[PDB]
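We did not get these values from a lab; they are worked out from the coordinates using the rules stated. As a convention, Cβ positions derive from the backbone with ideal geometry for all residues, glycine included, and neighbour counts pool all protein chains shown.
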Amino acid sequence: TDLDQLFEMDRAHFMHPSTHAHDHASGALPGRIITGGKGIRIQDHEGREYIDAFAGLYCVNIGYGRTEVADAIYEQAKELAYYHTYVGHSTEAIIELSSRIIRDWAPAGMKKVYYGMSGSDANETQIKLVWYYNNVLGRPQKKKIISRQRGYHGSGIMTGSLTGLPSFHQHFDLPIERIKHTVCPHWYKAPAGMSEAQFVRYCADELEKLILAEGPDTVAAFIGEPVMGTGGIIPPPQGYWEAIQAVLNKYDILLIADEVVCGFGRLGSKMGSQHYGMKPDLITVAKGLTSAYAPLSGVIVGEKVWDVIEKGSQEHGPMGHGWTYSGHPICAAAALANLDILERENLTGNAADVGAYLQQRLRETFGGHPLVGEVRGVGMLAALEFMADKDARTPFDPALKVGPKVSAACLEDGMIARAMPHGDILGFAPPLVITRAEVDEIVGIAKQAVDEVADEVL
Amino acid sequence: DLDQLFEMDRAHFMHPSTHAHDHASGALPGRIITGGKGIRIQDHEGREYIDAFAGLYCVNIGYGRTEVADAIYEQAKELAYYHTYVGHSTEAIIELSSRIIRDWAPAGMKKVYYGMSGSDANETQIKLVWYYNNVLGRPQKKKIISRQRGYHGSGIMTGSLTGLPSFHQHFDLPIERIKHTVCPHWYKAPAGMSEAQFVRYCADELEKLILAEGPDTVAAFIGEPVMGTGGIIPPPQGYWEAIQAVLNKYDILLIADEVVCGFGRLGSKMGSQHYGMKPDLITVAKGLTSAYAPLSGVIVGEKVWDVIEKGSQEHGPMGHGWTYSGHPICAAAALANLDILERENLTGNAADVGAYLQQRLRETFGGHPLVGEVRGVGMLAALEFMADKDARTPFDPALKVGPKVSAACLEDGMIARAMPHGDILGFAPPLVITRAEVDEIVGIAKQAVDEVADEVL
Ligand SMILES: [Mg+2]
């Protein structure tokens, strides 16, 4: 009957992202259908309600059930759901969005926006532009891209290669050539006894060593999230970005700021770049761009790169780059309504204020908890990393599944917080509309779940 | 105000497939599209056009379907988004998956994985082909054979699959592992070859390439049933059977790229059914939603799916996902789109009116002195312009014959595309088009072709 037939269809015909193919198909990993939501709460097919303390995947930033955004999508869909943006074609919506992103949200020196539908396709565009940039400048060898261990930049062949987490590489023959990875800037896991400043110098020196080992004239760009998202909610050490940028300047290497997660208020600033004083040449956005109301990505191109793009076109004609759905009208309309709401409600300010409250409440609650090795985060991102031996920084045996168990316990108590991959880490990325009262409720549920698992394993 | 919009556009919008400097300087003037209904669109000057290219082979049910807008709206109100990670779903994405497999895909297809573009779908394809071979213990079996003039997307990997040089130049493509065999365009065959000899030539050259590379190193072959962006090129009679026999011999997977051909465009469910192809993997987008929302699909056959299951048992969950995979509003748009394709029998209209289009273009242009070839099938057609018909000598590209014909059509209120890398006028109208509308398109094309013929002949 109805729901049972839907789950049967799901098992038989729907290949999910990031889902154990056989267990899901067999029914051992049970399906869940989401039927609605409002604010920070979602509802499933059994009528159970959950506090979504992960905002989908760091993306439902204005919260669920915004009929204002639905209306805007509808209006555009009625007027003109689609035409292409090839050979200088546009809608009013995509033009207004481009101007608004550059004028109101992007850091200084940014000029143009190129649109796709995912964070992954945006980073794909980024590498194409970096390679084109160097070819038109007469530097055919200057092509390598430096990423970082535990960075997350997407799930394709090139983009999965940028990504620094092994599950995105396994059985896909990644990373492909030209992509290198430097160190994860996680001070908690630094060589023992290193101060924060020593650790920063270590990260800068290791970057330099890698650049010199590869040949600086062969290295084109460096890509990094301001704060690492999927690699575990890892804020950089104090002074990290200034030290990295001095190395990149020395060897004439472009900085790509991956703002897929950090963009559009998530850290309590416009983007992560402004938050940390980064000066990127190229910026990747998605997620909070539309609050996931529709799929849209952006590549924000600085003046320096844009100027060379123009020159390339003068010498060689139009660049061979386009997606059919680049600048999709309904997606642009969703973004505009999303920005209106972020601005009108000052959700960047709410993220800074309530986010700091979240940071503080998690430190007070879990700072001395025997299961918790580190409490970390910034703005509206936070995490608890679970360790078997706190003082030595000895992780649990992965087979124990401490992280997933904490997450599952939260879920039983009606709260969604993610077991982050490749470690034992509980992650929080709530919608930016969250209140202090809602934070207290999330923290209390997390506390119970962490206590419960601590009893089982300690 | 219109001037202010264009100033914003020039200053801040990087378009796809647009001369960056000329557009920024104003030398390539912008165009804003404000509306459309049926086969007709409207621009910022209030000028109206017959869109004989359906956007980019994609607005298949026609413009202004408030039924689809309503469906998008309803889903957006109820739940615009949640992820589909770790077995999560909406009812819409489940219904869509079952409907694609049961009603549209060829026999033997089992699962659908969702993205947002034809390009990201082909990216997924290569991941699956590599994963498939690694889990089977064949780490060398990884090369992908594509074809000259094939179009498969505009990324690094997908642009490498693509066989048109504009998608490669200054991007260092194609990357390693990607090879290209011959374009199956009989009109441009080695001189004297009959149609059957040309098919044998294509099969033999494929086999030679496979043997030169080492068959044990070749994982897949990717092909559009009919080549779209490479010039509206239907395959020769018997081509697909001959190619498939070579693929079967060396145990090579067939990826049918149905981004254009899918969902009624040729007068069949997909190009695969039309030509009797037996793919292991299928790529869809465009006509999946009629572009009302961005959605792509990878349709996975039983054979590949079974290995995917086994891989998960041995190695855990596959590391593949996009944030927006299975996006609810996009799924709702597809469902409404399918309802309309089915209810109005647009596959049947595409077969019937498409045959009329084929016939009318051959009668009108078969002996035209500018036209070297008239080709097409179903609701795809093209005219290729040549300087010397019997010798098959193209015009000097600098003459811009194709673009000039297209521009002349446009002046007379019809959009038909000057296809890249040659002098080719392309047609891919919405599937709702009538015979009377076909006559009008052909008449405008006739005038435009005559006008340019006067200038250059
Ligand atoms: Mg060998």
- Calculate the spin-label point distance for B:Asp3 paired with A:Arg344, positioning each point 7 Å from the Cα along the beta-carbon direction, and give it in nanometres. 3.2
- Item | Relative contact order of chain B, pairs being alpha-carbon contacts under 8 Å that are 6 or more residues apart, as % | 20
- Can you tell me which of A:336-346, A:319-329, B:295-305, B:108-118 comes out highest on packing, and rank the rest after it, using the mean Cβ neighbours within 10 Å? A:319-329, B:108-118, B:295-305, A:336-346
- Task: For peptide B:99-108, compute the average count of partner chain beta-carbon atoms within 10 Å of each residue's beta-carbon.
- Result: 1
- How crowded by other chains is B:89-97, given as the mean number of beta carbons from other chains within 10 Å of each beta carbon? 6
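In which sequence would A:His181, A:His16 go, from the one with the fewest C-beta neighbours within 10 Å to the one with the most? Spell out each step's value before the answer.
Details: A:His181 18, A:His16 29.
The fewest-first ordering by Cβ neighbours comes to A:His181, A:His16.
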- Can you put B:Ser89, B:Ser154 in order, fewest other beta carbons within 10 Å first? B:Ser89, B:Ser154
- Here the FRET efficiency for B:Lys446 versus B:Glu213, based on Cβ atoms and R0 = 41 Å and rounded to 0.05, is 0.30
- Assuming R0 = 60 Å, can you tell me the calculated FRET efficiency for the pair B:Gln359 and A:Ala399, based on Cβ-Cβ distance, to the nearest 0.05? 0.30
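In the stretch A:66-344, what % of DSSP beta bridges are antiparallel (nearest 5)?
Details: 11 of 25 bridges.
So the antiparallel bridges amount to about 45 percent of the total.
For each of A:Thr365, B:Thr158, B:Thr124, B:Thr18, count neighbouring Cβ atoms within 10 Å of the residue's Cβ, then give the residues from fewest to most.
On the way: A:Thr365 18, B:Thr158 31, B:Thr124 27, B:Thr18 24.
Fewest-to-most Cβ neighbours within 10 Å comes out as A:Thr365, B:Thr18, B:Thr124, B:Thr158.
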- Expressed as a whole percent, how much of the Cα-Cα distance distribution for the stretch A:66-344 exceeds 22 Å? 57
- Item | B:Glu45-B:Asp103 FRET efficiency (beta carbon distance; Förster radius 41 Å; 0.05 resolution) | 0.45
- Item | Amide H within-cut-off set for B:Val218, under 5 Å, with H built and near neighbours excluded | B:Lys142, B:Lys143
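Averaged over A:54-60, how many beta carbons belonging to a partner chain fall within 10 Å of each residue's beta carbon? Can you show the working numbers first?
Numbers: counts 1, 0, 8, 8, 1, 5, 4.
The shielding value for this peptide is 4.
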- May I ask you to list the residues of the stretch A:187-208 whose amide nitrogen lies under 20 Å from a point 7 Å from Cα along the Cα→beta-carbon direction of A:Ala246? A:187, A:194-208
- If you keep only loop residues by DSSP, which chymotrypsin sites (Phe, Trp or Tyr not before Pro) in the stretch A:152-209 have at most 10 other Cβ atoms within 10 Å of their Cβ? none
- Query: Hey, got a sec? Which GluC sites (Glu not before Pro) in the stretch B:2-88 land in a DSSP loop and have at most 12 other Cβ atoms within 10 Å?
  - Reply: B:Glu45
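Would you mind calculating the gained length between B:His315 and B:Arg392 on full extension (0.36 nm times residue separation, minus the Cα-Cα distance), in nm to one decimal? List each step's numbers first, then the result.
Working: separation 77, 0.36 × 77 = 27.72 nm, distance 5.50 nm.
Value of the extension gain: 22.2 nm.
Report for the protein assembly as shown the percent antiparallel among DSSP-assigned beta bridges with both residues inside it, nearest 5.
On the way: 64 of 102 bridges.
Taking every DSSP beta bridge with both residues in the protein assembly as shown, the antiparallel ones total about 65 percent.
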- Structure-based [θ]222 nm, chain B - -39500 (n - 2.57) summed over DSSP H runs of at least 4, per residue, nearest 500: -12500 deg cm²/dmol
- Item | Spatial extent of the protein assembly as shown: Rg and Dmax, with the Cα atoms as the point set, Å | 27.0, 88
